[PDB]
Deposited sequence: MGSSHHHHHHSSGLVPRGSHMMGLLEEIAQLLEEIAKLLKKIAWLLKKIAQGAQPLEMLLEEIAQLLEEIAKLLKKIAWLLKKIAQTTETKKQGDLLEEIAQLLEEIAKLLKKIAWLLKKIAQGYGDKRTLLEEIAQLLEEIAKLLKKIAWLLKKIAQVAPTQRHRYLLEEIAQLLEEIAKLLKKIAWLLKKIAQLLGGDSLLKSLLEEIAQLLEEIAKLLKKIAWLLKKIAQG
């Protein structure tokens, strides 16, 4: 309950940093790995078992994005990976807490927009990530209540 909420607020903090770094692809990749580790902890606490499996799949997808970013420092595939994460978030919302489920679907929508922006604007993506961080912070607030 409260533990999972604290791990969500930590992810939001890491997303806000990523948005600021978008203006150092190597540093963002490291943060995405941290977010994946936090997602693994949330999955462990839940178990329940279905949502945990889906969160683990999202963690691996973020790891793939991180390895893709490290390769760029040394895009279209990242977009497809983000769309997969969105489809997984919507699946988690379908299982869930109606208010929290709606905030997840909204996060999935914004995640789809970021994927679209990757096809073409870096400033817009940073704003989208900050909106997602706010929505995650909101979900954590409902968990503590």
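Engineer: Checking coverage: what stretches of the deposited chain sequence are missing C-alpha positions?
Structural biologist: According to the deposited record, C-alpha coordinates are absent for 1 to 24, 48 to 58, 83 to 96, 124 to 131, 154 to 175, 200 to 205, 231 to 234, which together make up the missing parts.
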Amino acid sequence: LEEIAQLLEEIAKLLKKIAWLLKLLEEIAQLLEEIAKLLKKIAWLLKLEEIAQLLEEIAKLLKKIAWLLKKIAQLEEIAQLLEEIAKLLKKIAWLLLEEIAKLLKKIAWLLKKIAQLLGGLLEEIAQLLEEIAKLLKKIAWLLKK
From here on, numbers count along this sequence of modelled residues.
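Engineer: If you take the mean CA temperature factor per stretch, which one wins between 81 to 89 and 25 to 33?
Structural biologist: Result of the comparison: 25 to 33.
Engineer: Looking only at CA atoms, which has the higher mean B factor in the entry: 65 to 73 or 105 to 113?
Structural biologist: Taking the mean C-alpha B-factor of 65 to 73 and of 105 to 113, the larger value falls to 65 to 73.
Engineer: State the tercile, meaning the lowest, middle or highest third, of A126 with respect to the CA B-factors recorded for its chain.
Structural biologist: Answer is highest: the recorded C-alpha B-factor places it there.
Engineer: Sorting by Cα B-factor within the chain, modelled residues only, which third would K40 end up in: lowest, middle or highest?
Structural biologist: For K40, the deposited C-alpha B-factor lands in the lowest third.
Engineer: Determine, from the deposited record, the chain-internal third of the Cα B-factor for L48: lowest, middle or highest.
Structural biologist: According to the entry, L48 has a C-alpha B-factor in the chain's highest third.
Engineer: Would you check the entry's CA temperature factor for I100 and let me know if it's in the chain's lowest, middle or highest third?
Structural biologist: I100: CA B-factor falls in the middle third of its chain.
Engineer: Using only modelled residues of the chain, where does the Cα B factor of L118 rank: lowest third, middle third or highest third?
Structural biologist: According to the entry, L118 has a C-alpha B-factor in the chain's highest third.
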